[PDB]
Amino acid sequence: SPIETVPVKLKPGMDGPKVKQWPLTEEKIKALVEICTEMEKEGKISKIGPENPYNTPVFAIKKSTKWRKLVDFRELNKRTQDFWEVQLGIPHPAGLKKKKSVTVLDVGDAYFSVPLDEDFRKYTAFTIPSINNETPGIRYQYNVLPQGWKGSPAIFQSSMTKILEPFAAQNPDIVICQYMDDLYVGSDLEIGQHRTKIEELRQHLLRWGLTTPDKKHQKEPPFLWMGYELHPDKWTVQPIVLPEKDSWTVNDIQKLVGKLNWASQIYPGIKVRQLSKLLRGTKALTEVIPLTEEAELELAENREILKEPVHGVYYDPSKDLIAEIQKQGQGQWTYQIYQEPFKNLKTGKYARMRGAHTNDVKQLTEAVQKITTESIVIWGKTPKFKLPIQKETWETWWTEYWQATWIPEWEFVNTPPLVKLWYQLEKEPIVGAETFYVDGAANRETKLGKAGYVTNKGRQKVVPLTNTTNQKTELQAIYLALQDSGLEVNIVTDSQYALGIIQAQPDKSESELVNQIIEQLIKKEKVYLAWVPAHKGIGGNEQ
Amino acid sequence: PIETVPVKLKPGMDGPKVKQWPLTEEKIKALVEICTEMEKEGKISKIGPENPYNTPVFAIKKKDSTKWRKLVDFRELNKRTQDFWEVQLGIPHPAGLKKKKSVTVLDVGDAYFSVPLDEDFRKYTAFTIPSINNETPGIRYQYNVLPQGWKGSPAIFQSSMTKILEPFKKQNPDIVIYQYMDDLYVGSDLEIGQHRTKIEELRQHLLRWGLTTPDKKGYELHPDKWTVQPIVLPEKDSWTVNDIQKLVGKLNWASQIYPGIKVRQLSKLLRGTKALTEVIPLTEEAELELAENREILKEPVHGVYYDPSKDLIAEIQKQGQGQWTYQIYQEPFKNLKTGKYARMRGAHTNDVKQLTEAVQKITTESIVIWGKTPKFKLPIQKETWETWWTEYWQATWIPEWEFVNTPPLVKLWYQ
Ligand SMILES: N#Cc1cc2c(Oc3ccccc3OCCn3ccc(=O)[nH]c3=O)cccn2c1
């Protein structure tokens with residue numbers, strides 16, 4: 001093999017792995033000699049002398065009907081230098097562009113076809129043992145990239161790229177995608193021309209020692225790649241299977257949520273909220289978790305979505321890139337990304353798990369950012385957005401939001417459920433309105449609290465509370481003032497907590513108490529919430 | 001053939017291994033074109049897989065007229081090479097730069113490209129040009145010359161810079177010149193007219209020694225106004241219960257910073273349960289508390305000095321109406337510097353752009369005053385900022401930043 005080697009070192013202040021080959025199965029040892037001899041014949045390994053070249057353990061197992069050689073390189077891998085990371089990210093099919101002919105080629109022996117730096121070959125040493133006394137003690141070193149070695153994937157990928165470089169320049173029209181031990185060649189040439197270039201590339205790779213598939217190109221569309229079904233003019237996820245059971249373990253709920261999320265990239269409408277809530281316990285994987293009524297509804301609704309197959313198209317750079325967002329249920333959102341109406345490049349969802357209180361506009365802003373990120377990763381551009389929110393609704397929100405938000409190019413879509421500001425607090429106090437001085441408190445040990453108010457007109461009320469927190473009573477005092485006032489009310493609280501929750505203007509929350517306060521706030525025509533420092537004495541609410 | 005200045009990381013510190021953020025197709029093409037010409041000139045060279053280090057790379061348009069520039073976030077490498085550019089080679093910070101009336105800034109990063117970089121250190125300058133949708137592995141380069149954005153580059157070029165600046169420093173002994181990263185801060189007390197001509201003199205003196213400087217003519221920065229702005233109480237003809245409530249609460253907040261503020265007489269004015277809109281006249285005894293707390297609120301804080309061992313912290317809060325406010329400090333409530341940034345009236349203005357321009361304004365002021373940049377607490381979604389901060393970035397440096405998820409309880413207290 002003429003491929004240029006890559007210089008490899010060990011981690012600084014480290015030495016070669018000197019492990020011992022403890023196992024000594026005579027049956028397997030003979031089969032190892034049968035492999036190592038025919039592998040030394042091909043130059044992939046070479047016998048080494050008694051001079052200590054360190055040692056790495058070896059074992060044998062059978063999947064043909066041939067036993068295989070396995071070398072535990074964990075000690076070497078721990079002692080080997082770090083390399084550039086092979087990108088874990090895989091190309092999403094929605095980003096690929098339709099090619100008239102697509103050819104998949106697999107390299108038979110990948111790592112054994114690429115050499116290894118000679119100075120590093122000593123650390124790959126391994127011993128074939130013998131139960132007999134005066135042990136022959138066969139010793140070998142690797143001349144090529146060993147399997148399960150730390151640097152083999154990255155070194156192979158760069159060696160493969162340098163091998164494709166002469167062919168790519170001679171044939172610029174063809175497009176080669178490299179992934180692990182696979183090559184994906186796409187061309188917009190006539191099929192007869194395409195098949196000639198592929199065989200031309202196979203001869204190229206064979207001159208460099210890279211096996212290519214015989215039987216022309218052993219790849220017939222559709223292709224099953226990384227759980228994707230890839231067709232000449234469409235793409236879709238490989239068929240999903242949702243199990244039907246009586247008992248459900250944490251393991252089964254994890255697998256089910258994963259398979260549901262995978263379908264979200266093409267199947268519109270998938271929901272995973274109630275099912276993930278069962279996982280919120282985060283107990284041992286073996287424990288059986290009872291299914292809820294809302295989770296069984298989601299699965300039945302998701303099974304209905306997956307009942308009919310849906311597919312997706314490929315990217316056309318000549319056309320615009322559009323993304324449409326629709327609100328789904330309790331803070332769940334679904335988005336579809338397309339270039340033409342009836343054909344979507346991909347779909348997906350967004351959920352707001354973090355936080356206890358939020359509003360719709362903020363979640364929509366977050367969803368756009370999620371889509372903006374994904375569009376950049378897959379297509380190198382951001383999409384035009386079709387959003388179910390009036391411009392005056394969004395403009396009123398970002399102009400008074402404490403954070404900064406970027407609103408990209410977007411048009412309004414009148415498809416309900418729309419996004420609106422269900423209530424807006426007043427900025428200045430309301431004349432001709434009563435003024436409720438609210439306050440709440442509780443004892444942590446007793447868990448017994450009391451909330452109340454004192455109005456300017458002399459009206460006063462105190463309600464007892466059980467199993468409450470000081471924060472739950474500080475919100476309870478504001479809820480009391482809302483229940484007992486007219487459609488215009490001025491509330492005054494000494495709780496920066498309660499002021500914080502309300503002034504964020506949420507339209508939904510987890511706490512039932514906040515939900516009831518939202519209902520009253522929506523009912524009320526005008527509300528001015530103000531804050532004063534507690535214990536100054538001006539409030540005068542002492543319970 | 002200048003012998004390379006050897007660079008050694010702090011023992012126990014490995015090289016930077018940061019991921020490359022996904023980029024627009026447009027920005028990737030500009031980087032490939034820039035890097036192709038840089039490789040052609042020997043500035044950078046491709047590397048194999050045995051280089052595990054990586055530094056993020058971005059693309060900006062400083063001149064903004066068909067002018068793409070490359071920006072490298074050498075922040076991690078700067079932290080792991082600090083001993084080299086902060087101890088072994090240190091650029092001292094003058095304290096007279098803040099006193100000068102006008103301070104012009106000049107880009108001089110092109111001088112580093114001539115000086116080579118130590119062959120053993122070039123591994124840590126590695127960066128990756130990303131590919132769209134992972135269609136291919138990235139393009140891997142490492143710097144063969146002094147990289148812009150690295151703090152070790154001006155520390156190495158320090159002796160060469162002082163030598164070149166020596167004739168100009170002689171004829172103009174009252175002009176202060178400071179070098180932070182790839183920029184030269186030039187402060188004087190002269191009239192703006194003759195200050196600009198003197199700057200043009202330095203621009204031509206630098207040019208006749210082989211140092212190119214952008215000639216797009218970055219207005220002058222005037223630091224005489226820089227101070228910790230005073231906290232202002234509202235001024236009204238007649239006061240209501242609500243206005244006195246906001247007044248009492250604001251002064252209670254200032255008690256954490258300014259001690260000796262008393263609102264009890266004002267608290268006595270609001271005693272019985274009264275309507276907020278009810279107009280309550282001001283008693284004289286409480287009026288004395290308003291005047292006494294207006295006087296003590298314009299005096300500077302006590303015990304507030306800069307600590308060179310601690311980092312600077314800059315908090316920005318949005319006040320609306322296209323206006324922002326900021327406070328630079330090291331310990332809470334001990335504000336070394338406060339201020340407000342208001343963008344000039346512009347229809348093209350966006351919240352991210354204003355925050356970006358504010359951060360650049362605050363960082364420059366912080367460089368002039370302390371010779372180091374603060375770490376910003378940014379009021380923005382993390383992923384939102386990480387996506388659009390390169391769109392309006394006109395600086396060669398990048399400050400540290402984190403993001404606040406907790407809102408400010410009262411915006412008006414700072415303004
Ligand atoms: N096993 C598998 C597999 C094939 C591929 C792949 O194929 C292409 C290669 C070059 C250019 C365009 C391509 O495809 C574009 C889309 N396409 C895909 C399949 C097909 O038949 N026709 C078609 O136009 C790219 C990425 C990952 N892959 C995984």
# chains A, B, ... in the order shown; residues from 1 in each chain; ligands from 1
$ closest_atom_pairs --of "chain A" --to "ligand 1" --cutoff "10 Å" --atoms "only C-alpha atoms and all ligand atoms" --output "JSON lines"
{"residue": "A:90", "atom": "CA", "partner": "ligand 1", "partner_atom_place_in_ligand_line": "27 (C)", "distance": 8.0}
{"residue": "A:91", "atom": "CA", "partner": "ligand 1", "partner_atom_place_in_ligand_line": "26 (C)", "distance": 6.0}
{"residue": "A:92", "atom": "CA", "partner": "ligand 1", "partner_atom_place_in_ligand_line": "26 (C)", "distance": 7.6}
{"residue": "A:93", "atom": "CA", "partner": "ligand 1", "partner_atom_place_in_ligand_line": "26 (C)", "distance": 6.8}
{"residue": "A:94", "atom": "CA", "partner": "ligand 1", "partner_atom_place_in_ligand_line": "16 (C)", "distance": 8.6}
{"residue": "A:95", "atom": "CA", "partner": "ligand 1", "partner_atom_place_in_ligand_line": "15 (C)", "distance": 8.3}
{"residue": "A:96", "atom": "CA", "partner": "ligand 1", "partner_atom_place_in_ligand_line": "15 (C)", "distance": 4.6}
{"residue": "A:97", "atom": "CA", "partner": "ligand 1", "partner_atom_place_in_ligand_line": "15 (C)", "distance": 4.7}
{"residue": "A:98", "atom": "CA", "partner": "ligand 1", "partner_atom_place_in_ligand_line": "24 (O)", "distance": 3.2}
{"residue": "A:99", "atom": "CA", "partner": "ligand 1", "partner_atom_place_in_ligand_line": "24 (O)", "distance": 3.7}
{"residue": "A:100", "atom": "CA", "partner": "ligand 1", "partner_atom_place_in_ligand_line": "24 (O)", "distance": 5.8}
{"residue": "A:101", "atom": "CA", "partner": "ligand 1", "partner_atom_place_in_ligand_line": "22 (N)", "distance": 6.1}
{"residue": "A:102", "atom": "CA", "partner": "ligand 1", "partner_atom_place_in_ligand_line": "21 (O)", "distance": 5.0}
{"residue": "A:103", "atom": "CA", "partner": "ligand 1", "partner_atom_place_in_ligand_line": "7 (O)", "distance": 7.1}
{"residue": "A:104", "atom": "CA", "partner": "ligand 1", "partner_atom_place_in_ligand_line": "1 (N)", "distance": 5.8}
{"residue": "A:105", "atom": "CA", "partner": "ligand 1", "partner_atom_place_in_ligand_line": "1 (N)", "distance": 8.5}
{"residue": "A:106", "atom": "CA", "partner": "ligand 1", "partner_atom_place_in_ligand_line": "1 (N)", "distance": 9.6}
{"residue": "A:174", "atom": "CA", "partner": "ligand 1", "partner_atom_place_in_ligand_line": "10 (C)", "distance": 7.8}
{"residue": "A:175", "atom": "CA", "partner": "ligand 1", "partner_atom_place_in_ligand_line": "10 (C)", "distance": 5.0}
{"residue": "A:176", "atom": "CA", "partner": "ligand 1", "partner_atom_place_in_ligand_line": "10 (C)", "distance": 5.2}
{"residue": "A:177", "atom": "CA", "partner": "ligand 1", "partner_atom_place_in_ligand_line": "9 (C)", "distance": 5.4}
{"residue": "A:178", "atom": "CA", "partner": "ligand 1", "partner_atom_place_in_ligand_line": "27 (C)", "distance": 8.1}
{"residue": "A:179", "atom": "CA", "partner": "ligand 1", "partner_atom_place_in_ligand_line": "27 (C)", "distance": 7.7}
{"residue": "A:182", "atom": "CA", "partner": "ligand 1", "partner_atom_place_in_ligand_line": "2 (C)", "distance": 8.0}
{"residue": "A:183", "atom": "CA", "partner": "ligand 1", "partner_atom_place_in_ligand_line": "9 (C)", "distance": 7.8}
{"residue": "A:184", "atom": "CA", "partner": "ligand 1", "partner_atom_place_in_ligand_line": "9 (C)", "distance": 4.2}
{"residue": "A:185", "atom": "CA", "partner": "ligand 1", "partner_atom_place_in_ligand_line": "10 (C)", "distance": 4.5}
{"residue": "A:186", "atom": "CA", "partner": "ligand 1", "partner_atom_place_in_ligand_line": "10 (C)", "distance": 3.7}
{"residue": "A:187", "atom": "CA", "partner": "ligand 1", "partner_atom_place_in_ligand_line": "11 (C)", "distance": 6.8}
{"residue": "A:188", "atom": "CA", "partner": "ligand 1", "partner_atom_place_in_ligand_line": "24 (O)", "distance": 9.2}
{"residue": "A:219", "atom": "CA", "partner": "ligand 1", "partner_atom_place_in_ligand_line": "1 (N)", "distance": 7.7}
{"residue": "A:220", "atom": "CA", "partner": "ligand 1", "partner_atom_place_in_ligand_line": "21 (O)", "distance": 8.4}
{"residue": "A:221", "atom": "CA", "partner": "ligand 1", "partner_atom_place_in_ligand_line": "21 (O)", "distance": 5.5}
{"residue": "A:222", "atom": "CA", "partner": "ligand 1", "partner_atom_place_in_ligand_line": "21 (O)", "distance": 6.5}
{"residue": "A:223", "atom": "CA", "partner": "ligand 1", "partner_atom_place_in_ligand_line": "1 (N)", "distance": 4.8}
{"residue": "A:224", "atom": "CA", "partner": "ligand 1", "partner_atom_place_in_ligand_line": "1 (N)", "distance": 5.8}
{"residue": "A:225", "atom": "CA", "partner": "ligand 1", "partner_atom_place_in_ligand_line": "1 (N)", "distance": 4.7}
{"residue": "A:226", "atom": "CA", "partner": "ligand 1", "partner_atom_place_in_ligand_line": "29 (C)", "distance": 8.0}
{"residue": "A:228", "atom": "CA", "partner": "ligand 1", "partner_atom_place_in_ligand_line": "29 (C)", "distance": 8.6}
{"residue": "A:229", "atom": "CA", "partner": "ligand 1", "partner_atom_place_in_ligand_line": "1 (N)", "distance": 8.7}
{"residue": "A:230", "atom": "CA", "partner": "ligand 1", "partner_atom_place_in_ligand_line": "19 (C)", "distance": 5.2}
{"residue": "A:231", "atom": "CA", "partner": "ligand 1", "partner_atom_place_in_ligand_line": "21 (O)", "distance": 4.7}
{"residue": "A:232", "atom": "CA", "partner": "ligand 1", "partner_atom_place_in_ligand_line": "21 (O)", "distance": 3.3}
{"residue": "A:233", "atom": "CA", "partner": "ligand 1", "partner_atom_place_in_ligand_line": "24 (O)", "distance": 5.9}
{"residue": "A:234", "atom": "CA", "partner": "ligand 1", "partner_atom_place_in_ligand_line": "17 (N)", "distance": 7.6}
{"residue": "A:235", "atom": "CA", "partner": "ligand 1", "partner_atom_place_in_ligand_line": "18 (C)", "distance": 7.7}
{"residue": "A:313", "atom": "CA", "partner": "ligand 1", "partner_atom_place_in_ligand_line": "16 (C)", "distance": 9.0}
{"residue": "A:314", "atom": "CA", "partner": "ligand 1", "partner_atom_place_in_ligand_line": "16 (C)", "distance": 6.5}
{"residue": "A:315", "atom": "CA", "partner": "ligand 1", "partner_atom_place_in_ligand_line": "16 (C)", "distance": 8.6}
$ write_last_selection --atoms "N, CA and C atoms" --output "tab-separated table (two decimals), in the first residue's frame"
chain	number	residue	atom	x	y	z
A	90	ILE	N	-24.83	13.42	11.27
A	90	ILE	CA	-25.04	12.76	9.99
A	90	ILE	C	-25.85	13.69	9.09
A	91	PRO	N	-25.68	13.62	7.77
A	91	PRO	CA	-26.46	14.49	6.88
A	91	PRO	C	-27.94	14.14	6.94
A	92	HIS	N	-28.77	15.17	7.10
A	92	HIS	CA	-30.20	14.87	7.09
A	92	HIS	C	-30.71	14.82	5.65
A	93	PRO	N	-31.58	13.86	5.33
A	93	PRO	CA	-32.05	13.73	3.94
A	93	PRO	C	-32.72	14.97	3.39
A	94	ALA	N	-33.40	15.76	4.23
A	94	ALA	CA	-34.04	16.98	3.75
A	94	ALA	C	-33.03	17.99	3.18
A	95	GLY	N	-31.75	17.84	3.51
A	95	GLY	CA	-30.74	18.74	3.00
A	95	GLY	C	-30.12	18.28	1.69
A	96	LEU	N	-30.18	16.97	1.43
A	96	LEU	CA	-29.65	16.43	0.19
A	96	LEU	C	-30.41	16.98	-1.00
A	97	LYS	N	-29.73	17.07	-2.14
A	97	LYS	CA	-30.31	17.55	-3.38
A	97	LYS	C	-30.44	16.40	-4.36
A	98	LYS	N	-31.58	16.33	-5.04
A	98	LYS	CA	-31.88	15.21	-5.93
A	98	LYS	C	-30.82	15.07	-7.01
A	99	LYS	N	-30.25	13.87	-7.12
A	99	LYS	CA	-29.33	13.51	-8.19
A	99	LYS	C	-29.98	12.43	-9.05
A	100	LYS	N	-29.76	12.52	-10.37
A	100	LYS	CA	-30.43	11.60	-11.28
A	100	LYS	C	-30.05	10.15	-11.00
A	101	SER	N	-28.81	9.91	-10.58
A	101	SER	CA	-28.35	8.57	-10.24
A	101	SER	C	-27.48	8.65	-9.00
A	102	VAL	N	-27.75	7.77	-8.03
A	102	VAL	CA	-27.01	7.73	-6.77
A	102	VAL	C	-26.48	6.31	-6.58
A	103	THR	N	-25.18	6.20	-6.31
A	103	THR	CA	-24.49	4.92	-6.21
A	103	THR	C	-23.81	4.82	-4.85
A	104	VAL	N	-24.05	3.71	-4.15
A	104	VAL	CA	-23.47	3.44	-2.84
A	104	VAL	C	-22.40	2.37	-3.00
A	105	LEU	N	-21.21	2.64	-2.45
A	105	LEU	CA	-20.08	1.73	-2.54
A	105	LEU	C	-19.48	1.54	-1.15
A	106	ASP	N	-19.20	0.29	-0.79
A	106	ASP	CA	-18.66	-0.06	0.52
A	106	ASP	C	-17.25	-0.62	0.35
A	174	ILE	N	-19.37	14.91	-10.72
A	174	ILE	CA	-19.84	13.90	-9.78
A	174	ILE	C	-19.63	14.40	-8.35
A	175	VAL	N	-20.49	13.94	-7.45
A	175	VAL	CA	-20.49	14.38	-6.05
A	175	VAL	C	-20.35	13.14	-5.18
A	176	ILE	N	-19.29	13.11	-4.36
A	176	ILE	CA	-18.99	11.98	-3.49
A	176	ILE	C	-19.22	12.41	-2.05
A	177	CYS	N	-20.04	11.66	-1.33
A	177	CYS	CA	-20.26	11.86	0.10
A	177	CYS	C	-19.62	10.70	0.86
A	178	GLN	N	-18.82	11.03	1.87
A	178	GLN	CA	-18.05	10.05	2.63
A	178	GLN	C	-18.67	9.89	4.01
A	179	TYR	N	-18.91	8.65	4.41
A	179	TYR	CA	-19.46	8.35	5.73
A	179	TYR	C	-18.92	7.01	6.17
A	182	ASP	N	-18.29	4.01	3.81
A	182	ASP	CA	-19.18	4.08	2.66
A	182	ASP	C	-18.89	5.33	1.83
A	183	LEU	N	-19.16	5.22	0.54
A	183	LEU	CA	-19.10	6.34	-0.39
A	183	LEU	C	-20.42	6.41	-1.14
A	184	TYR	N	-20.95	7.62	-1.27
A	184	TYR	CA	-22.23	7.86	-1.93
A	184	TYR	C	-21.98	8.81	-3.10
A	185	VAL	N	-21.93	8.27	-4.31
A	185	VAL	CA	-21.61	9.03	-5.51
A	185	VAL	C	-22.92	9.39	-6.22
A	186	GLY	N	-23.13	10.67	-6.44
A	186	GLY	CA	-24.30	11.15	-7.16
A	186	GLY	C	-23.88	11.92	-8.39
A	187	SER	N	-24.60	11.70	-9.49
A	187	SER	CA	-24.31	12.37	-10.75
A	187	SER	C	-25.61	12.70	-11.46
A	188	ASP	N	-25.60	13.83	-12.17
A	188	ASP	CA	-26.68	14.19	-13.08
A	188	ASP	C	-26.35	13.83	-14.52
A	219	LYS	N	-26.12	-1.71	-5.04
A	219	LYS	CA	-26.97	-0.76	-4.32
A	219	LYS	C	-28.17	-0.46	-5.20
A	220	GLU	N	-29.35	-0.91	-4.77
A	220	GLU	CA	-30.59	-0.68	-5.49
A	220	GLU	C	-31.50	0.23	-4.67
A	221	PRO	N	-31.96	1.34	-5.22
A	221	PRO	CA	-32.91	2.20	-4.50
A	221	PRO	C	-34.21	1.47	-4.25
A	222	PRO	N	-34.85	1.69	-3.09
A	222	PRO	CA	-34.47	2.61	-2.01
A	222	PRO	C	-33.32	2.11	-1.14
A	223	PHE	N	-32.66	3.01	-0.42
A	223	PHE	CA	-31.55	2.68	0.46
A	223	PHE	C	-31.96	2.86	1.91
A	224	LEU	N	-31.56	1.92	2.76
A	224	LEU	CA	-31.80	2.00	4.21
A	224	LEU	C	-30.51	2.47	4.86
A	225	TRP	N	-30.48	3.75	5.25
A	225	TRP	CA	-29.27	4.37	5.79
A	225	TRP	C	-29.60	5.09	7.09
A	226	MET	N	-29.03	4.61	8.19
A	226	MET	CA	-29.16	5.25	9.50
A	226	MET	C	-30.62	5.45	9.89
A	228	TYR	N	-33.11	5.70	7.86
A	228	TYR	CA	-33.81	6.47	6.84
A	228	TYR	C	-34.05	5.61	5.61
A	229	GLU	N	-35.25	5.73	5.03
A	229	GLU	CA	-35.53	5.16	3.72
A	229	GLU	C	-35.28	6.23	2.66
A	230	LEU	N	-34.33	5.98	1.77
A	230	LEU	CA	-33.89	6.96	0.78
A	230	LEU	C	-34.29	6.49	-0.61
A	231	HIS	N	-35.15	7.25	-1.27
A	231	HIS	CA	-35.69	6.92	-2.57
A	231	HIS	C	-35.22	7.93	-3.61
A	232	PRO	N	-35.33	7.61	-4.91
A	232	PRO	CA	-34.82	8.54	-5.93
A	232	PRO	C	-35.42	9.94	-5.87
A	233	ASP	N	-36.70	10.06	-5.53
A	233	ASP	CA	-37.37	11.36	-5.51
A	233	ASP	C	-38.00	11.69	-4.17
A	234	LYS	N	-37.81	10.85	-3.15
A	234	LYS	CA	-38.41	11.09	-1.85
A	234	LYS	C	-37.55	10.45	-0.77
A	235	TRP	N	-37.86	10.79	0.48
A	235	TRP	CA	-37.22	10.20	1.64
A	235	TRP	C	-38.25	10.05	2.74
A	313	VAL	N	-39.56	15.49	0.62
A	313	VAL	CA	-38.82	15.77	-0.61
A	313	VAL	C	-37.39	16.16	-0.29
A	314	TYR	N	-36.60	16.38	-1.33
A	314	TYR	CA	-35.22	16.84	-1.21
A	314	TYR	C	-35.15	18.34	-1.48
A	315	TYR	N	-34.00	18.92	-1.14
A	315	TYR	CA	-33.84	20.37	-1.24
A	315	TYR	C	-33.57	20.79	-2.67
$ residues_around --residues "residue A:54" --least-positions-apart "5" --cutoff "7 Å" --atoms "only C-alpha atoms" --output "MDAnalysis selection string"
chainID A and resid 16:18 123 125
$ write_last_selection --atoms "C-alpha atoms" --output "PDB file, in the first residue's frame"
ATOM      1  CA  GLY A  16       3.249   1.395  25.421  1.00  0.00           C
ATOM      2  CA  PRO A  17       0.632  -0.971  26.847  1.00  0.00           C
ATOM      3  CA  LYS A  18       2.215  -4.014  28.486  1.00  0.00           C
ATOM      4  CA  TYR A 123       2.607  -0.475  20.530  1.00  0.00           C
ATOM      5  CA  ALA A 125       2.064  -5.838  19.520  1.00  0.00           C
TER       6      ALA A 125
END
$ interface_residues --of "chain B" --to "chain A" --cutoff "7 Å" --atoms "only C-alpha atoms" --output "PyMOL selection string"
chain B and resi 22-25+48-52+132-136+245+249+267+270-271+273-277+318+320+351-352+379-380+384+407+409
$ atom_distance --atom1 "atom CA of residue A:197" --atom2 "atom CA of residue A:167"
9.8 Å
$ select_by_dssp --residues "stretch 63-213 of chain B" --states "helix (DSSP H, G or I)" --output "PyMOL selection string"
chain B and resi 75-80+82-88+109-113+122-125+132-134+152-156+158-171+192-207
$ select_by_dssp --residues "stretch 140-204 of chain A" --states "strand (DSSP E or B)" --output "list in words"
residues 140, 141, 142, 144, 175, 176, 177, 178, 179, 182, 183, 184, 185, 186 and 187 of chain A
$ residues_around --residues "residue B:286" --least-positions-apart "4" --cutoff "7 Å" --atoms "only C-alpha atoms" --output "list in words"
residues 265, 266, 282 and 290 of chain B
$ residues_around --residues "residue A:421" --least-positions-apart "6" --cutoff "12 Å" --atoms "only C-alpha atoms" --output "short mmCIF file (atom, residue, chain, number, x, y, z; two decimals) with N, CA, C and O atoms, in the first residue's frame"
data_model
loop_
_atom_site.label_atom_id
_atom_site.label_comp_id
_atom_site.auth_asym_id
_atom_site.auth_seq_id
_atom_site.Cartn_x
_atom_site.Cartn_y
_atom_site.Cartn_z
N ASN A 359 -45.47 32.16 28.53
CA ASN A 359 -46.57 32.59 27.67
C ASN A 359 -46.33 32.12 26.24
O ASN A 359 -45.25 31.64 25.89
N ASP A 360 -47.36 32.26 25.41
CA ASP A 360 -47.33 31.70 24.06
C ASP A 360 -46.32 32.41 23.18
O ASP A 360 -45.59 31.77 22.41
N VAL A 361 -46.26 33.75 23.25
CA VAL A 361 -45.39 34.51 22.35
C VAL A 361 -43.93 34.14 22.58
O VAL A 361 -43.16 33.99 21.63
N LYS A 362 -43.53 33.98 23.85
CA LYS A 362 -42.15 33.61 24.14
C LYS A 362 -41.83 32.22 23.61
O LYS A 362 -40.73 31.98 23.09
N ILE A 389 -49.59 34.76 14.25
CA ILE A 389 -49.54 35.85 15.22
C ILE A 389 -49.60 37.17 14.47
O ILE A 389 -48.87 37.38 13.50
N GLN A 390 -50.48 38.06 14.92
CA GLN A 390 -50.55 39.39 14.32
C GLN A 390 -49.27 40.16 14.59
O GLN A 390 -48.59 39.95 15.60
N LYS A 391 -48.93 41.07 13.67
CA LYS A 391 -47.72 41.87 13.84
C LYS A 391 -47.82 42.77 15.07
O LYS A 391 -46.85 42.93 15.81
N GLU A 392 -48.99 43.37 15.28
CA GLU A 392 -49.18 44.22 16.45
C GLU A 392 -49.09 43.43 17.75
O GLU A 392 -48.69 43.97 18.78
N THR A 393 -49.46 42.14 17.71
CA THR A 393 -49.30 41.29 18.89
C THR A 393 -47.83 41.07 19.20
O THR A 393 -47.39 41.27 20.34
N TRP A 394 -47.05 40.66 18.20
CA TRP A 394 -45.63 40.44 18.40
C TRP A 394 -44.91 41.74 18.74
O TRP A 394 -44.05 41.77 19.63
N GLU A 395 -45.26 42.83 18.06
CA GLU A 395 -44.58 44.10 18.28
C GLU A 395 -44.81 44.62 19.69
O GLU A 395 -43.88 45.13 20.33
N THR A 396 -46.04 44.49 20.20
CA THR A 396 -46.32 44.90 21.57
C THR A 396 -45.50 44.09 22.57
O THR A 396 -45.13 44.60 23.63
N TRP A 397 -45.17 42.84 22.23
CA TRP A 397 -44.48 41.97 23.18
C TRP A 397 -42.98 42.26 23.22
O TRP A 397 -42.41 42.45 24.30
N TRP A 398 -42.31 42.29 22.06
CA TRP A 398 -40.86 42.44 22.07
C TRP A 398 -40.43 43.84 22.47
O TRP A 398 -39.32 44.03 22.97
N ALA A 504 -44.36 39.03 34.42
CA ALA A 504 -43.92 38.31 33.23
C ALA A 504 -45.07 38.02 32.27
O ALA A 504 -44.83 37.53 31.16
N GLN A 505 -46.31 38.32 32.68
CA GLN A 505 -47.50 38.13 31.86
C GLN A 505 -47.60 36.73 31.25
O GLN A 505 -47.67 36.58 30.02
N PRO A 506 -47.62 35.68 32.06
CA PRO A 506 -47.82 34.33 31.52
C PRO A 506 -49.29 34.07 31.22
O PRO A 506 -50.18 34.62 31.86
N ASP A 507 -49.52 33.22 30.23
CA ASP A 507 -50.87 32.80 29.89
C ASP A 507 -51.16 31.35 30.28
O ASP A 507 -52.29 30.89 30.10
N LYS A 508 -50.17 30.64 30.81
CA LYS A 508 -50.39 29.29 31.32
C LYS A 508 -49.24 28.92 32.24
O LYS A 508 -48.13 29.46 32.12
N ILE A 518 -54.64 33.91 36.26
CA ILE A 518 -54.68 34.29 34.85
C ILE A 518 -56.12 34.46 34.39
O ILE A 518 -56.45 35.38 33.63
N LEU A 521 -57.40 37.75 35.75
CA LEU A 521 -56.75 38.85 35.05
C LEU A 521 -57.32 39.04 33.65
O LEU A 521 -57.46 40.18 33.18
N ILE A 522 -57.65 37.94 32.97
CA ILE A 522 -58.26 38.04 31.65
C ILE A 522 -59.67 38.62 31.76
O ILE A 522 -60.09 39.44 30.92
#
$ atom_distance --atom1 "atom CA of residue B:395" --atom2 "atom CA of residue B:199"
19.9 Å
$ residues_around --residues "residue B:2" --least-positions-apart "6" --cutoff "10 Å" --atoms "only C-alpha atoms" --output "MDAnalysis selection string"
chainID B and resid 114:117
